[PDB]
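Asker: Here you go, one structure.
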Amino acid sequence: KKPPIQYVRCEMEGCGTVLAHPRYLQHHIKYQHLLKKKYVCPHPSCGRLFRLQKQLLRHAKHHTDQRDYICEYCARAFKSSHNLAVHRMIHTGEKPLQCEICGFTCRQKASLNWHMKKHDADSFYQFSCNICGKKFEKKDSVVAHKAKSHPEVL
Amino acid sequence: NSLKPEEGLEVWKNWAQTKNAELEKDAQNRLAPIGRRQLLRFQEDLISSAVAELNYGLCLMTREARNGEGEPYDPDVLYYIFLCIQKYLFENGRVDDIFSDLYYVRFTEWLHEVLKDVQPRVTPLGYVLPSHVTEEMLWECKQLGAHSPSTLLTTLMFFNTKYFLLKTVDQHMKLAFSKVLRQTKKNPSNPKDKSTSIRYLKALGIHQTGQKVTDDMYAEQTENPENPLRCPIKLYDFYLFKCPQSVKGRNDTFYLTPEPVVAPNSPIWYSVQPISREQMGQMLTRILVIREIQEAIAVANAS
Amino acid sequence: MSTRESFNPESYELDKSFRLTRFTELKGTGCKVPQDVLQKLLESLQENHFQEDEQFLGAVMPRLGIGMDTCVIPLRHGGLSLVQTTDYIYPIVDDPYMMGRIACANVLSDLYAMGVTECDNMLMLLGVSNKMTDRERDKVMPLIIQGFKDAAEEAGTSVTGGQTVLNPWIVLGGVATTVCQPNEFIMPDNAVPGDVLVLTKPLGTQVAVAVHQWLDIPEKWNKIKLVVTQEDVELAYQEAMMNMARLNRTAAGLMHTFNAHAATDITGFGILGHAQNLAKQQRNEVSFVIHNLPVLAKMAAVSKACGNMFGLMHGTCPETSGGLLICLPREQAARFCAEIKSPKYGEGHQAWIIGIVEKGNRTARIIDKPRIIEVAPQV
Amino acid sequence: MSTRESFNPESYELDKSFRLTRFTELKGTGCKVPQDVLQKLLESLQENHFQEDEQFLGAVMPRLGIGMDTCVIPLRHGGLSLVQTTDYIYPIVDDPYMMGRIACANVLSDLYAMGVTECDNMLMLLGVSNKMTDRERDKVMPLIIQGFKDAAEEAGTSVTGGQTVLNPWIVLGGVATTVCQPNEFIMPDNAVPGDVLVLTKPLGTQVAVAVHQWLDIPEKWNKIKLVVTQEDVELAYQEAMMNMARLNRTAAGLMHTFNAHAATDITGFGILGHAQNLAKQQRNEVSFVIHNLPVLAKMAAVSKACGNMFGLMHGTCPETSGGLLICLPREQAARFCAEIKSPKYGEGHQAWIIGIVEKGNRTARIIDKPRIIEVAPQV
DNA sequence: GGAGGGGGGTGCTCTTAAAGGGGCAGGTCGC
DNA sequence: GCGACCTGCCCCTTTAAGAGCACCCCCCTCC
Ligand SMILES: [Zn+2]
Ligand SMILES: [Zn+2]
Ligand SMILES: [Zn+2]
Ligand SMILES: [Zn+2]
Ligand SMILES: [Zn+2]
């Protein structure tokens, strides 16, 4: 039932994203731009704000302590499947990423970001967040920084 | 070795025949706990008996054991009789540890209530009667050492009672891995050697601004190089070598419940759940009655 | 032996159309459609009222050591015990040699659940189908017996008797016995919160068996041909046959090393039924929860496609010569899988930690959305 | 109960059309048609070219006690010997209670051939039928289990564990085990010329059961109507259903007291086949000849009326839970029958002297025209 | 009958920050 | 003068959590 692939771009300014199908364009527009909403996490002290309704359900996982994912080898409990997937790399002993200058291999991009400091590369990076001038390379990284740090809360 | 399995076997035989006499009179036919249907009888020979039957008999043997003259045995000698019985079982192929195994938990409780009331006897002349059970009796009977997890736990408890002078379960629980500090001795006898010992600060006081604290006060463990098997340091090292890595460095407890099943090459022997107060009390009454512990208690208590 | 090459009927003067599996009415629910009723019957034949014996004024192990399998039955002489087990499975693989090996492994698996790594004697029940022609009987039965004896040899025991009877379907099985000291077997009644379950063999063998027999029926194949290619079915069938023809001697030996509390086998009733039976035995108040379900590659897709036939995600698919569900503490389990993968003796195999143990009411469940692990066909 | 009203489907709410024997296809030709092939299969099961191990410079008992049945496997502890047996008999009588009793008795009778008078454990294979209604399963199987367990009580043991399977035919059986000392079992190897064989049960059970199954269908009863009536079959059928449900504990105990050399059970293969198998493991070079056969009442004429389907006189006719073919000296044997006929405890039963042991070629044969002594039910 | 739209909920890949264990490097006391 | 011990700080790795897209599932639909 997979429809043929076509590419359509959100003509709205500030969103140059191109989507895999015309189907997804309606969902993108509605859930991102047109649907302007604000919610508050029910937790007494969270004080966070999420415009989508999907995000809150994920956020509820953070405040609770329900761990439904168990590693095959060490029987350790995780809150999300992808966290487990990253954990399994320890047991299989695989290091996918690799620095392109000194050939230094790591397991996660967080390690690589640390290594890039040795091979000083922020000089050629152009993007940066307005608050604390983080000096990122790409754009969505600034959004991730604004999410984890400089959080939007009440 | 002053340990006679023959005496224990003879006492068991006497009790077994005496009970068999009463078993038929009651006319209450109750089947034995074995596969084939037979009238419950206590085999005169210890070896050819089931675990349930042996446990039940040793339970009743505590209250119905009778001396050669027909008088009930003393609490100080029932323990010796049971040690002789266990030595008989060990030396005849049986692997049952009547004191430690879970199946024999009922037996220890009755033996415990028999032994708890014991007190050293003072003769009319005045001198205290020495106990009939000695340390070598336990060592030869394999109730001490590093043969099984329970035996190693009991050995550590016995050494702590002997040296650190712990004489009560409530006082004895204070011991913990953290507060039991290991310090290689500063002064070896000769540069070639390197003496090692274990210490514990059992002094109770305000301990304010260096008061009540001195090097010569806190209790200490020696080291026995003559026979490494009985050396307290070796057994303590073996104990820490088998307990789980997570337990070391916690202040809550020192004695861990032994794992149910262990093999010769099992890296870990003990769980992380400390032995309950009931078990510690059960296995502490059995180690106060011993003679050397009594002497150690008297010497420190006397001064 | 048929290990060198796949069993070819022509090589043994058998027609191409011949298939050993034709002598059994295979079904997705296994050799027992009303699993619940058979549980009641097995409880009925096991249960005995006289064994309580007023508790003998104490607490001692029962004759039915756990009330479900591998009765201990203490003897008179030397205080020893007689652990004895029985099991019977109809043919599920075309190869007669491998089928006999599978039957022997299934018979022995019950003992290895209790930690017993040695078998003094074993018996065999060989049943010859009525429909099988005389020319087939003298060509397949010798292979089955040779495979059974070879499996017994690898287990350190010998088949030294049995019985042979006529049957509409081939019935293959045996009985394993061992006389052991009280310290040579783990009685699976201990279990404490914080332990982690361990499995030694992947699930979904019945699905692989059923699919391989659907490659000749055009009506059934077209339903499932969409989701799985023939090569995947072939490799899955080979892996299941190799797994089902494997002994748990190493797992039983390691059980003692790593302080195992309880264990069982997954032969029949699926993973959930056996866990439920095991949970009731535990002295403490502990309930099992299973989060991971290792399955043979691509079998889960078929399992969900076929509908309410297997339900691996529900832990009800029956298995033959299954693995061991061992309850170990966390660090011991972490070490257990490492050693079984690369034993000192060699010839290791992977194992998985499929769940946890928590305080409950002596029950076992499976999380709503188990994390299906697709085990690759290694070598 | 033994004398209680026979299983009546109306009493237990089952429809009148119900018939326990309907779940299996009784074959009056034989218990297992390819017996000469199946005996070869069983010999292959029991054969071990490695057990000899250079014979170990001794005439000790082989790994198999006789190599035919009741294997005596030495154990590691205390020089004890493990003795096991197994049997699987499909239903042949219409009362579920007695069927479990007969299955237990048939399983046990192998041990009593070797003189073992005590049983330690007993399993049970209870196979329900696919072609069985849901209510029938719940109203039939419990009776069989209860009968088996009750028969275990009389045996002096207990039924602990077992297995249950689905099988187009109902299968009832079990495995009886005993760890016995060297001075508790009689090894069938020994024998001496001048002896007389003794049978503790009459022959012709198969004929009686088959003929009573023939009463319902009217197209078969006609050709045997002349020889016997329905009343005669009722008494013969009741007697057979009573003898084949009788344990041989008294026979086993008296085997020691009377210096029995060797003995065997007449189950399945027929008296001739079992005697021949017994003659194949005698240290001496002796042979058995049977000059007398105690056939059940009117069951000798019937076999003639059925041509060569039964063949009771030739000794090929199968039997289930048959007696013991004990070989005793002439002087001792005369007393053995006297003791068994009028036991002190009670429950008298008859035994006969059938044949003589004479020097030969280690094989058994029957005279041209054996005399038939008619045994009528006691009162 | 029907392929197309609307509404909803979800797994997966990517990204970042926070927590944490290990190890290098000080200051203090003892020999 | 040399060392042991406690503690502080940095390095690098692992866990935790948000963003958004591609996807499925269900339902409805008027042509
Ligand atoms: Zn947009
Ligand atoms: Zn929140
Ligand atoms: Zn892990
Ligand atoms: Zn680099
Ligand atoms: Zn910033």
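FYI, nothing fancy with the structure tokens labels: chains A, B, ... in order, residues from 1 per chain, ligands from 1 as they appear.
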Using only C-alpha atoms (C1' of nucleotides), which protein or nucleic acid residues come within 10 Å of stretch 38-54 of chain C? Drop anything in the same chain fewer than 4 positions from it, and give the result as a PyMOL selection string.
Answerer: (chain B and resi 30-35) or (chain C and resi 32-34+58+62-64+67-69+71+269+273+277) or (chain D and resi 123-128+137-138+141-142+144-146+148-149+158-166)
Asker: Could you list the protein, DNA and RNA residues that have any atom within 8 Å of ligand 1, counting only C-alpha atoms (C1' of nucleotides) and all ligand atoms, and write them as a ChimeraX atom specification?
Answerer: /A:9-17,25,28-29,32-33
Asker: Residues within 8 Å of ligand 5 (only C-alpha atoms (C1' of nucleotides) and all ligand atoms), as a list in words?
Answerer: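 Sorted by chain and then by number, the residues are residues 128, 129, 130, 131, 132, 133, 134, 142, 145, 146, 149 and 150 of chain A.
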Asker: Please give me, as a PyMOL selection string, the residues lying within 6 Å of ligand 2 when counting only C-alpha atoms (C1' of nucleotides) and all ligand atoms.
Answerer: chain A and resi 41+43+46+48+59
Asker: Can you spit out the residues from that selection as a PDB file, in the first residue's frame, using N, CA and C atoms?
Answerer:
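Final output, part38.pdb:
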```pdb
ATOM      1  N   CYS A  41       3.146  20.369  31.658  1.00  0.00           N
ATOM      2  CA  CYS A  41       3.304  19.026  32.188  1.00  0.00           C
ATOM      3  C   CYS A  41       2.585  18.917  33.531  1.00  0.00           C
ATOM      4  N   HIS A  43       3.226  17.382  36.137  1.00  0.00           N
ATOM      5  CA  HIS A  43       4.057  17.216  37.316  1.00  0.00           C
ATOM      6  C   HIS A  43       4.112  18.530  38.094  1.00  0.00           C
ATOM      7  N   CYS A  46       7.593  20.570  37.266  1.00  0.00           N
ATOM      8  CA  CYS A  46       8.261  20.543  35.970  1.00  0.00           C
ATOM      9  C   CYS A  46       8.296  21.932  35.344  1.00  0.00           C
ATOM     10  N   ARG A  48       7.470  22.931  32.511  1.00  0.00           N
ATOM     11  CA  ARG A  48       7.804  22.953  31.096  1.00  0.00           C
ATOM     12  C   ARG A  48       6.555  23.199  30.257  1.00  0.00           C
ATOM     13  N   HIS A  59       7.245  12.960  27.658  1.00  0.00           N
ATOM     14  CA  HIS A  59       7.762  13.647  28.835  1.00  0.00           C
ATOM     15  C   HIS A  59       7.336  12.941  30.114  1.00  0.00           C
TER      16      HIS A  59
END
```
Asker: Do me a favour and pick out the residues of chain B within 6 Å of chain C, using only C-alpha atoms, as a list in words.
Answerer: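 Matching residues, ligands excluded from the count: residues 34, 35, 47, 48, 49, 50, 52, 103, 261, 262, 263 and 266 of chain B.
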Asker: Got a sec to check which residues lie within 8 Å of ligand 3, using only C-alpha atoms (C1' of nucleotides) and all ligand atoms, and send them as a PDB file with N, CA, C and O atoms, in the first residue's frame?
Answerer:
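This went into result_16.pdb:
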```pdb
ATOM      1  N   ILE A  70      15.008  -4.271  28.825  1.00  0.00           N
ATOM      2  CA  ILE A  70      16.037  -5.000  29.555  1.00  0.00           C
ATOM      3  C   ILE A  70      17.086  -5.475  28.564  1.00  0.00           C
ATOM      4  O   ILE A  70      16.754  -6.122  27.565  1.00  0.00           O
ATOM      5  N   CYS A  71      18.347  -5.163  28.844  1.00  0.00           N
ATOM      6  CA  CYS A  71      19.433  -5.580  27.971  1.00  0.00           C
ATOM      7  C   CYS A  71      19.568  -7.098  27.977  1.00  0.00           C
ATOM      8  O   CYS A  71      19.312  -7.765  28.983  1.00  0.00           O
ATOM      9  N   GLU A  72      19.973  -7.643  26.829  1.00  0.00           N
ATOM     10  CA  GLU A  72      20.088  -9.090  26.697  1.00  0.00           C
ATOM     11  C   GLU A  72      21.194  -9.641  27.586  1.00  0.00           C
ATOM     12  O   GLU A  72      21.049 -10.721  28.169  1.00  0.00           O
ATOM     13  N   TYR A  73      22.308  -8.918  27.699  1.00  0.00           N
ATOM     14  CA  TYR A  73      23.515  -9.448  28.326  1.00  0.00           C
ATOM     15  C   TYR A  73      23.591  -9.117  29.814  1.00  0.00           C
ATOM     16  O   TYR A  73      23.674 -10.018  30.653  1.00  0.00           O
ATOM     17  N   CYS A  74      23.571  -7.831  30.157  1.00  0.00           N
ATOM     18  CA  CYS A  74      23.782  -7.384  31.527  1.00  0.00           C
ATOM     19  C   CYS A  74      22.488  -7.153  32.298  1.00  0.00           C
ATOM     20  O   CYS A  74      22.543  -6.796  33.477  1.00  0.00           O
ATOM     21  N   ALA A  75      21.331  -7.349  31.671  1.00  0.00           N
ATOM     22  CA  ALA A  75      20.046  -7.244  32.359  1.00  0.00           C
ATOM     23  C   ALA A  75      19.848  -5.867  32.985  1.00  0.00           C
ATOM     24  O   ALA A  75      19.319  -5.742  34.090  1.00  0.00           O
ATOM     25  N   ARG A  76      20.266  -4.825  32.277  1.00  0.00           N
ATOM     26  CA  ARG A  76      20.091  -3.461  32.749  1.00  0.00           C
ATOM     27  C   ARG A  76      18.835  -2.851  32.140  1.00  0.00           C
ATOM     28  O   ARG A  76      18.485  -3.122  30.988  1.00  0.00           O
ATOM     29  N   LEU A  84      18.672   1.588  24.816  1.00  0.00           N
ATOM     30  CA  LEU A  84      19.162   0.216  24.854  1.00  0.00           C
ATOM     31  C   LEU A  84      20.013  -0.093  23.632  1.00  0.00           C
ATOM     32  O   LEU A  84      21.068  -0.729  23.744  1.00  0.00           O
ATOM     33  N   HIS A  87      23.248   1.155  24.199  1.00  0.00           N
ATOM     34  CA  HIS A  87      23.930   0.384  25.235  1.00  0.00           C
ATOM     35  C   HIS A  87      24.489  -0.920  24.684  1.00  0.00           C
ATOM     36  O   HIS A  87      25.605  -1.319  25.034  1.00  0.00           O
ATOM     37  N   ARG A  88      23.729  -1.600  23.825  1.00  0.00           N
ATOM     38  CA  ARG A  88      24.169  -2.899  23.328  1.00  0.00           C
ATOM     39  C   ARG A  88      25.523  -2.806  22.643  1.00  0.00           C
ATOM     40  O   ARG A  88      26.253  -3.801  22.576  1.00  0.00           O
ATOM     41  N   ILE A  90      28.158  -1.605  23.668  1.00  0.00           N
ATOM     42  CA  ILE A  90      29.216  -1.954  24.610  1.00  0.00           C
ATOM     43  C   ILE A  90      29.489  -3.449  24.564  1.00  0.00           C
ATOM     44  O   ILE A  90      30.645  -3.887  24.575  1.00  0.00           O
ATOM     45  N   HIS A  91      28.431  -4.256  24.518  1.00  0.00           N
ATOM     46  CA  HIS A  91      28.593  -5.700  24.602  1.00  0.00           C
ATOM     47  C   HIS A  91      29.096  -6.282  23.286  1.00  0.00           C
ATOM     48  O   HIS A  91      29.872  -7.244  23.288  1.00  0.00           O
TER      49      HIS A  91
END
```
Asker: Need to verify the contact set: residue E:22, 10 Å, only C-alpha atoms (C1' of nucleotides), exclusion of same-chain residues closer than 2 positions in sequence. Can you return it as a compact mmCIF listing (two decimals) with N, CA, C and O atoms (P, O5', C5', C4', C3', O3' and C1' of nucleotides), in the first residue's frame?
Answerer:
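The resulting part19.txt:
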```txt
# COMPACT_ATOMS: atom_id res chain seq x y z
P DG E 20 25.28 10.85 39.11
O5' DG E 20 26.52 10.09 38.45
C5' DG E 20 26.30 9.11 37.45
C4' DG E 20 27.60 8.45 37.05
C3' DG E 20 28.63 8.37 38.17
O3' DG E 20 29.31 7.13 38.12
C1' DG E 20 29.55 9.56 36.38
P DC E 24 47.09 8.65 35.82
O5' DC E 24 47.21 10.24 35.91
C5' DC E 24 47.06 11.03 34.74
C4' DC E 24 47.09 12.51 35.07
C3' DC E 24 48.30 12.97 35.88
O3' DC E 24 48.79 14.21 35.39
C1' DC E 24 46.30 13.40 37.12
P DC F 11 40.14 18.78 30.25
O5' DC F 11 39.97 17.20 30.30
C5' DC F 11 41.03 16.39 30.77
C4' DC F 11 40.97 15.00 30.18
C3' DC F 11 40.26 14.90 28.85
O3' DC F 11 40.79 13.82 28.09
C1' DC F 11 38.93 13.87 30.53
P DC F 12 40.47 13.70 26.52
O5' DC F 12 39.41 12.51 26.46
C5' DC F 12 39.72 11.26 27.05
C4' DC F 12 38.46 10.48 27.36
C3' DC F 12 37.49 10.33 26.19
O3' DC F 12 37.37 8.96 25.83
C1' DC F 12 36.36 10.94 28.21
```
Asker: What's around residue E:15 at 10 Å? Count only C-alpha atoms (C1' of nucleotides), leave out sequence neighbours fewer than 4 positions away in its own chain, and write the answer as a ChimeraX atom specification.
Answerer: /A:109-110,140-145,148 /F:18-19
Asker: Any idea what the distance is between atom CA of residue D:119 and atom CA of residue D:155?
Answerer: 7.3 Å
Asker: Around ligand 4, which protein and nucleic acid residues have at least one atom no more than 10 Å from it, if we count only C-alpha atoms (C1' of nucleotides) and all ligand atoms? List them as an MDAnalysis selection string.
Answerer: chainID A and resid 98:105 112 114:120
Asker: Quote the spacing between atom CA of residue C:197 and atom CA of residue C:174 in Å to one decimal place.
Answerer: 28.5 Å
Asker: Mind the document's chain letters and residue numbers, and return as a PyMOL selection string the residues of stretch 121-270 of chain D that DSSP labels helix (DSSP H, G or I).
Answerer: chain D and resi 134-155+182-184+205-216+218-225+230-243+249-257+270
Asker: Print the selection's residues with C-alpha atoms to a file, as a short mmCIF file (atom, residue, chain, number, x, y, z; two decimals), in the first residue's frame.
Answerer:
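For reference, again_32.cif as written:
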```cif
data_model
loop_
_atom_site.label_atom_id
_atom_site.label_comp_id
_atom_site.auth_asym_id
_atom_site.auth_seq_id
_atom_site.Cartn_x
_atom_site.Cartn_y
_atom_site.Cartn_z
CA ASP D 134 -14.79 -33.22 25.48
CA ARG D 135 -17.15 -34.71 28.06
CA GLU D 136 -15.87 -38.25 27.50
CA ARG D 137 -12.31 -37.11 28.25
CA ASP D 138 -13.41 -35.55 31.54
CA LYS D 139 -15.54 -38.58 32.49
CA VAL D 140 -13.10 -41.35 31.49
CA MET D 141 -9.49 -40.30 32.02
CA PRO D 142 -9.88 -39.59 35.78
CA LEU D 143 -11.13 -43.15 36.27
CA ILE D 144 -8.06 -44.57 34.53
CA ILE D 145 -5.75 -42.41 36.65
CA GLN D 146 -7.53 -43.46 39.84
CA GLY D 147 -7.34 -47.13 38.87
CA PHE D 148 -3.63 -46.84 38.10
CA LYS D 149 -2.96 -45.12 41.43
CA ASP D 150 -5.01 -47.71 43.32
CA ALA D 151 -3.06 -50.50 41.64
CA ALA D 152 0.09 -48.70 42.78
CA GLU D 153 -1.17 -48.88 46.37
CA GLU D 154 -1.48 -52.66 46.14
CA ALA D 155 2.01 -52.67 44.61
CA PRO D 182 22.51 -57.56 44.97
CA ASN D 183 20.69 -60.00 47.28
CA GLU D 184 17.19 -58.82 46.30
CA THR D 205 -6.77 -63.34 27.77
CA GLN D 206 -6.44 -61.92 24.25
CA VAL D 207 -9.03 -64.37 22.89
CA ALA D 208 -11.51 -63.54 25.65
CA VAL D 209 -11.17 -59.77 25.25
CA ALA D 210 -11.42 -59.93 21.45
CA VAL D 211 -14.44 -62.23 21.57
CA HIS D 212 -16.25 -59.98 24.04
CA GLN D 213 -15.52 -57.07 21.71
CA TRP D 214 -17.04 -59.24 18.96
CA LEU D 215 -20.34 -59.59 20.85
CA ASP D 216 -21.50 -56.10 19.86
CA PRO D 218 -23.34 -59.38 14.87
CA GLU D 219 -21.53 -60.28 11.63
CA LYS D 220 -18.58 -61.84 13.50
CA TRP D 221 -20.30 -63.55 16.44
CA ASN D 222 -22.11 -65.89 14.04
CA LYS D 223 -19.09 -68.01 13.08
CA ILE D 224 -18.24 -68.59 16.77
CA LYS D 225 -21.82 -69.01 18.00
CA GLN D 230 -22.61 -65.27 25.14
CA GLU D 231 -22.88 -66.53 28.74
CA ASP D 232 -19.65 -68.51 28.37
CA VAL D 233 -17.84 -65.46 27.00
CA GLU D 234 -19.14 -63.34 29.88
CA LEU D 235 -17.61 -65.63 32.50
CA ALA D 236 -14.43 -66.08 30.47
CA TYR D 237 -14.20 -62.34 29.82
CA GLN D 238 -14.76 -61.53 33.50
CA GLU D 239 -12.11 -64.07 34.53
CA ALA D 240 -9.58 -62.69 32.05
CA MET D 241 -10.35 -59.14 33.18
CA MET D 242 -9.75 -60.38 36.74
CA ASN D 243 -6.52 -62.34 36.22
CA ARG D 249 3.84 -59.79 44.38
CA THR D 250 3.11 -63.19 45.92
CA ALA D 251 4.82 -64.88 42.98
CA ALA D 252 7.87 -62.62 43.34
CA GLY D 253 8.19 -63.19 47.08
CA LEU D 254 7.89 -66.97 46.81
CA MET D 255 10.47 -67.02 44.01
CA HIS D 256 13.26 -66.47 46.54
CA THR D 257 11.82 -68.82 49.16
CA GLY D 270 3.28 -65.07 23.58
#
```
Asker: Go through chain F residue by residue and, counting only C-alpha atoms (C1' of nucleotides), keep those with an atom at most 9 Å from chain A; for each kept residue give the shortest atom pair and its distance in Å to one decimal, ordered by chain and increasing number, as CSV.
Answerer:
```
residue,atom,partner,partner_atom,distance
F:12,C1',A:111,CA,7.2
F:13,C1',A:111,CA,6.8
F:14,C1',A:87,CA,8.0
F:15,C1',A:83,CA,7.4
F:16,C1',A:83,CA,8.1
F:17,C1',A:62,CA,7.5
F:18,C1',A:147,CA,6.1
F:19,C1',A:144,CA,7.2
F:21,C1',A:19,CA,7.9
F:22,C1',A:20,CA,7.8
```
Asker: Can you tell me, as a PyMOL selection string, which residues in stretch 1-188 of chain C count as strand (DSSP E or B) by DSSP?
Answerer: chain C and resi 71+74+81-89+121-129+159-167+172-180
Asker: Would you mind exporting N, CA and C atoms of the selected residues as a compact mmCIF listing (two decimals), in the first residue's frame?
Answerer:
```
# COMPACT_ATOMS: atom_id res chain seq x y z
N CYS C 71 10.48 -35.61 39.45
CA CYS C 71 10.27 -36.01 40.83
C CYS C 71 11.56 -36.57 41.41
N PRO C 74 13.08 -39.61 47.29
CA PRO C 74 14.21 -40.13 48.07
C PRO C 74 14.08 -41.62 48.31
N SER C 81 18.79 -40.10 46.21
CA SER C 81 17.54 -39.69 45.58
C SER C 81 17.50 -40.21 44.16
N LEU C 82 16.29 -40.38 43.64
CA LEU C 82 16.06 -40.96 42.32
C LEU C 82 15.30 -39.95 41.47
N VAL C 83 16.03 -39.10 40.76
CA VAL C 83 15.43 -38.16 39.83
C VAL C 83 15.18 -38.89 38.52
N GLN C 84 13.93 -38.86 38.05
CA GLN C 84 13.53 -39.62 36.88
C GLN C 84 12.52 -38.80 36.08
N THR C 85 12.63 -38.87 34.75
CA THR C 85 11.81 -38.06 33.87
C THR C 85 11.40 -38.88 32.65
N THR C 86 10.34 -38.42 32.00
CA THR C 86 9.83 -39.05 30.79
C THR C 86 9.29 -37.97 29.86
N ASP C 87 9.33 -38.25 28.56
CA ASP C 87 8.78 -37.33 27.57
C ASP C 87 8.62 -38.06 26.25
N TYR C 88 7.64 -37.62 25.46
CA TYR C 88 7.32 -38.24 24.19
C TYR C 88 6.92 -37.17 23.19
N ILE C 89 7.53 -37.21 22.01
CA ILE C 89 7.22 -36.27 20.93
C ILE C 89 7.11 -37.04 19.63
N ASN C 121 21.11 -44.42 33.43
CA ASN C 121 20.47 -45.29 32.46
C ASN C 121 19.37 -44.52 31.75
N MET C 122 19.03 -44.98 30.55
CA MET C 122 17.95 -44.39 29.78
C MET C 122 17.23 -45.48 29.00
N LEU C 123 15.92 -45.35 28.90
CA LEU C 123 15.09 -46.26 28.13
C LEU C 123 14.51 -45.53 26.93
N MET C 124 14.04 -46.31 25.95
CA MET C 124 13.52 -45.75 24.72
C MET C 124 12.20 -46.41 24.36
N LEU C 125 11.23 -45.59 23.96
CA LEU C 125 9.96 -46.07 23.43
C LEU C 125 9.94 -45.74 21.94
N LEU C 126 10.00 -46.77 21.10
CA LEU C 126 9.99 -46.62 19.66
C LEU C 126 8.67 -47.14 19.12
N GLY C 127 7.93 -46.29 18.42
CA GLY C 127 6.67 -46.69 17.83
C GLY C 127 6.71 -46.62 16.32
N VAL C 128 6.26 -47.68 15.66
CA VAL C 128 6.25 -47.76 14.20
C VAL C 128 4.83 -47.56 13.72
N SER C 129 4.66 -46.67 12.75
CA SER C 129 3.33 -46.35 12.25
C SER C 129 2.74 -47.53 11.49
N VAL C 159 21.48 -46.23 26.27
CA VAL C 159 20.13 -46.78 26.14
C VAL C 159 20.25 -48.30 26.23
N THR C 160 19.65 -48.89 27.26
CA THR C 160 19.82 -50.30 27.57
C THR C 160 18.47 -50.97 27.79
N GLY C 161 17.53 -50.73 26.89
CA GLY C 161 16.23 -51.35 26.98
C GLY C 161 15.18 -50.43 26.38
N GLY C 162 13.93 -50.79 26.61
CA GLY C 162 12.82 -50.01 26.12
C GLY C 162 11.66 -50.91 25.76
N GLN C 163 10.83 -50.40 24.85
CA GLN C 163 9.66 -51.14 24.39
C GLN C 163 9.30 -50.63 23.00
N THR C 164 8.68 -51.50 22.21
CA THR C 164 8.26 -51.17 20.86
C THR C 164 6.81 -51.59 20.67
N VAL C 165 5.99 -50.67 20.16
CA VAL C 165 4.56 -50.90 20.00
C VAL C 165 4.09 -50.29 18.70
N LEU C 166 2.98 -50.82 18.19
CA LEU C 166 2.34 -50.27 17.00
C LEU C 166 1.51 -49.05 17.38
N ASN C 167 1.45 -48.09 16.46
CA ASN C 167 0.77 -46.83 16.71
C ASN C 167 0.33 -46.24 15.38
N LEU C 172 8.04 -41.37 19.46
CA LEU C 172 9.46 -41.45 19.76
C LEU C 172 9.72 -40.78 21.10
N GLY C 173 10.35 -41.51 22.02
CA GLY C 173 10.62 -40.96 23.33
C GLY C 173 11.46 -41.89 24.16
N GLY C 174 11.56 -41.57 25.44
CA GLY C 174 12.37 -42.36 26.35
C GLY C 174 12.12 -41.96 27.78
N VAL C 175 13.01 -42.42 28.66
CA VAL C 175 12.93 -42.15 30.09
C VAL C 175 14.35 -42.12 30.64
N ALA C 176 14.69 -41.05 31.34
CA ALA C 176 16.02 -40.86 31.90
C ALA C 176 15.96 -40.95 33.42
N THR C 177 16.94 -41.64 34.00
CA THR C 177 17.00 -41.85 35.44
C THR C 177 18.40 -41.55 35.95
N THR C 178 18.47 -41.05 37.18
CA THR C 178 19.75 -40.76 37.81
C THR C 178 19.60 -40.91 39.32
N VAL C 179 20.54 -41.61 39.94
CA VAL C 179 20.61 -41.74 41.39
C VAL C 179 21.77 -40.88 41.85
N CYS C 180 21.46 -39.82 42.60
CA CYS C 180 22.43 -38.78 42.92
C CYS C 180 22.36 -38.42 44.39
```
Asker: Which neighbours of residue B:168 fall inside 10 Å, counting only C-alpha atoms (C1' of nucleotides), when residues of the same chain fewer than 2 positions from it are skipped, and could you give them as a PyMOL selection string?
Answerer: chain B and resi 161+165-166+170-173+280-281+284-285+288
